[PDB]
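Single-letter residue listing:
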Amino acid sequence: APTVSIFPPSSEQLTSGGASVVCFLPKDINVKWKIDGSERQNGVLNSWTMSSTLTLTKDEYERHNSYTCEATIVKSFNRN
Amino acid sequence: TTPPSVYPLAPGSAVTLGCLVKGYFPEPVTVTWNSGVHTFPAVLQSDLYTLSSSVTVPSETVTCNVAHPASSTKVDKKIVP
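In this document, residue positions are counted from 1 along each chain in sequence order, independent of how the entry numbers them, and residues without coordinates are left out. Written order determines the labels here, with chains lettered from A and ligands numbered from 1. Only hydrogens and water are removed before side-chain values are computed, so all heavy atoms of the structure are retained for them.

- Method of structure determination, per the deposited record: X-ray crystallography was used for this entry, reaching 2.40 Å resolution.

Right, here's the structure in full:
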């Protein structure tokens, strides 16, 4: 049972114009990203030792309210 | 060569912490927490490496210490609520 944790972009990064959302997660696992409920596939980069990172421009991040990390449990956060 | 930008990873006001190391080149990078945990392998995009590292444990303090030998650069980002 993986312990999932999701993180919003830091103010420091946002100041530079970028927006990365980080998610920390038997090896077999599948991570799904959701922005306001619908699946997002472009801009995702994964790493296994699991960690999933969704990078977007600040403008895009600012376009939505909810970011969800969905494993194979659901964890998320609303910008507002 | 390019030193990395280190970004704090704190929960979204709603315990695991972490740090995000974006756009450095080349490898490797050393990551420790308050010099005494999961450091994921880097990914290479656009000729820059990105990596992340978490730690499970505001009263007490936590600070990730990231070092990038190549550019003789250090960074120690405290994680704030």
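Further notes follow.
Some details on the overall build of chain B
Here is step 1 of the chain: The number of helices and strands found in chain B is 0 helices and 8 strands.
Here is step 2 of the chain: The way it works is that DSSP assigns letters per residue, a run of H or I at least four long becomes a helix, a run of E at least two long becomes a strand, and they are numbered from the N terminus. In sequence order, chain B lays out its α and β elements as β-β-β-β-β-β-β-β.
Here is step 3 of the chain: Restricting the calculation to C-alpha atoms gives the radius of gyration, and the globule rule supplies 2.2 Å times the number of residues raised to the power 0.38. For 81 residues, the compact-globule formula gives about 12 Å, and the C-alpha radius of gyration of chain B, at 13 Å, lands near that figure.
Here is step 4 of the chain: Burial classes: relative accessible area under 20% of the type maximum marks a residue as buried, over 50% as exposed, and values in between as partly exposed (1.4 Å probe, protein chains only). Counting the 81 residues in chain B, one finds 38% classified as buried.
Here is step 5 of the chain: The method behind every accessible area is Shrake-Rupley, applied with a 1.4 Å probe, and residues are considered shielded solely by the protein chains displayed. Put simply, chain B shows about 4,500 Å² of open surface, and 53% of that area lies on carbon and sulfur atoms.
Here is step 6 of the chain: Taking the average place of the 4 positive charges on the side chains of chain B and the average place of its 4 negative ones, the gap between the two points comes to 8 Å. Counting rule for charge: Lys and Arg are taken as positive, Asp and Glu as negative, and neither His nor the chain ends is counted. For this purpose, a charge sits on NZ of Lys, CZ of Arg, CG of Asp or CD of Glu.

Some details on the nonpolar core
Residues and elements named next belong to chain A.
Here is step 1 of the chain: The term nonpolar core refers to a set of buried residues drawn from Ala, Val, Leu, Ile, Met, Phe, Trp, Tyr and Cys, joined through side-chain atoms within 4.5 Å. With 18 residues, the main nonpolar core has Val21, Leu25, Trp33, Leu54, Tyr61 and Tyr67 as its most contacted residues.
Here is step 2 of the chain: When residues of this core are traced back to their parent elements, those giving at least two are β2 (18–24), β3 (31–35), β6 (51–57) and β7 (66–71).
Here is step 3 of the chain: In what follows, a contact means two residues having at least one pair of non-hydrogen atoms within 4.5 Å. Among residues more than four places away in sequence, those in contact with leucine 25 are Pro2, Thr3, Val4, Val31, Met50, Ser51, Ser52 and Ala71.

Thoughts on the state of the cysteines
Here is step 1 of the chain: The criterion for a disulfide is a pair of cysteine sulfur atoms lying within 2.5 Å. Enumeration over the complete set of coordinates arrives at 2 disulfides over all chains.
Here is step 2 of the chain: A sulfur-sulfur separation of 2.0 Å characterises the disulfide bridge that pairs A:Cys23 with A:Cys69. Taking the torsion about the sulfur-sulfur bond, which here is approximately -90°, the covalent link between A:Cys23 and A:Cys69 counts as left-handed. Take A:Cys23 and A:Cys69: they sit in the same class, and that class is buried.
Here is step 3 of the chain: Here B:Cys19 pairs with B:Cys64 through a disulfide, and the sulfurs are 2.0 Å apart. Because the sign of the S-S torsion sets the handedness, a value of about -90° for the bond joining B:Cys19 and B:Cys64 places this disulfide among the left-handed ones. Assigned by exposure class, B:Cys19 and B:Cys64 land together as buried.

Re the interface of chain A and chain B
Here is step 1 of the chain: Taken residue by residue, the interface counts 18 residues in chain A and 20 residues in chain B.
Here is step 2 of the chain: Summed over both partners, the accessible surface that disappears when two parts come together, traced with a 1.4 Å probe, is what is meant by buried area. Carbon and sulfur atoms make up 69% of the surface buried where chain A meets chain B, a total of about 1,500 Å² over both sides.
Here is step 3 of the chain: Interface area lost by chain A to chain B is led by A:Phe7, A:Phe24 and A:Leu45, which between them contribute 32%.
Here is step 4 of the chain: Salt bridges are counted wherever a side-chain nitrogen of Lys or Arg sits within 4 Å of a carboxyl oxygen of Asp or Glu. One can count 1 salt bridge joining chain A with chain B.
Here is step 5 of the chain: The salt bridge partner of B:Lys77 is A:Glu12, with a shortest N-O separation of 3.4 Å.
Here is step 6 of the chain: Side-chain atoms alone can form a polar contact between residues adjacent in sequence; in general such a contact is a pair of N or O atoms within 3.5 Å, and within protein one must be able to donate a hydrogen while the other accepts it. Across the contact surface, chain A and chain B share 3 residue pairs in polar contact.
Here is step 7 of the chain: If you list the elements that add at least two residues to the side of chain A that touches chain B, you get β1 (5–7), α1 (11–16), β2, β5 (44–47) and β6 of chain A.
Here is step 8 of the chain: Amino acid classes used here: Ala, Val, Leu, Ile, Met, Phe, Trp, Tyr, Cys and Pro are nonpolar; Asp, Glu, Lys and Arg are charged; the rest, including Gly, are polar. The class makeup of the residues in the side of chain A that touches chain B is 7 nonpolar, 10 polar and 1 charged.

What about the pattern of salt bridges?
Residue and element names in this part refer to chain A.
Here is step 1 of the chain: A full pass over the atoms with the stated rule returns 4 salt bridges over all chains.
Here is step 2 of the chain: The closest approach of N and O atoms between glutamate 70 and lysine 34, which form a salt bridge, is 3.2 Å.
Here is step 3 of the chain: What makes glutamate 70 partly exposed here is its relative accessible area of 22%.

Looking at the packing of aromatic side chains
Here is step 1 of the chain: Stacked, tilted and edge-to-face are the three classes assigned to paired rings of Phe, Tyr and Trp, where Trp is represented by its six-membered ring and a pair needs centres within 6.5 Å; plane angles under 30 degrees give stacked, over 60 edge-to-face, the rest tilted. Scanning the model with the defined rule gives 6 aromatic pairs over all chains in all.
Here is step 2 of the chain: Plain terms: the ring middles of A:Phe24 and B:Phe40 are 5.8 Å apart, the flat faces sit at 10° to each other, and that makes the pair stacked. On the criterion of chain membership, the pair formed by A:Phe24 in strand β2 and B:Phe40 in the loop between β4 (38–39) and β5 (43–45) is interchain, its members lying in two chains. There is no split in this pair, since A:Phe24 and B:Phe40 are both buried.

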